[PDB]
């Protein structure tokens, strides 16, 4: 408690880049926001370098050609591997072979830091990352990527504690999380709890709250958790995430 804690990621869906570039300029760059990701290899120009950007090798499409050239040429420091590879048909054995064969070079040759694939928090996700981490143990990632979605603050905390215990050798990046509660009071309550918690957990490197986009991503996420309105203005939850440390109700 001597310094504003800055470990909040701006998740910047490509539909923002498509429709409301101007909303990036309404971002508070002075608060606890310290990075930005967009699930892609390409850079969102409207950011204008106002935060570090983590490119992602999302899936198999992003391993060759121009997608790969975007990764090879990036001035940014930290690169994410696959999004939810267990749900895209990608085997731990294969993502292992890809890591050793092509992604390691981004460290050993480009001195980038690399996030593990970010798996869902369900048993299929937990067993995917468990096996992959085992296979690449001789060349491990800099960071363990995790997704968490649900209604109970105390449950996300137990999942992070659990996963930290199971994969002790590196810090955690929560590359996506949110409240799925439809009660705005519960959404705010959990977000506050987990932002403030993760802020004082030294082994949590950074955390990335989902929902800064004009339309609902799917039926699983809560309309009450949205960080942007349909006109591309920011919601109060977004104001607080990007302005308040500690954050409060």
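Positions refer to the first chain, counted from 1.
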property	result
Stretch with the greater mean C-alpha B-factor as recorded in the entry, comparing 221-229 against 8-16	221-229
Stretch exceeding the other in mean C-alpha B-factor - 57-65, 208-216	57-65
Top residue by Cα temperature factor, when 78, 178, 127, 173 are compared in the entry	127
Residue 30, C-alpha B-factor rank within chain (lowest, middle or highest third)	highest
Residue 2 - Cα temperature factor, lowest/middle/highest third of chain	highest
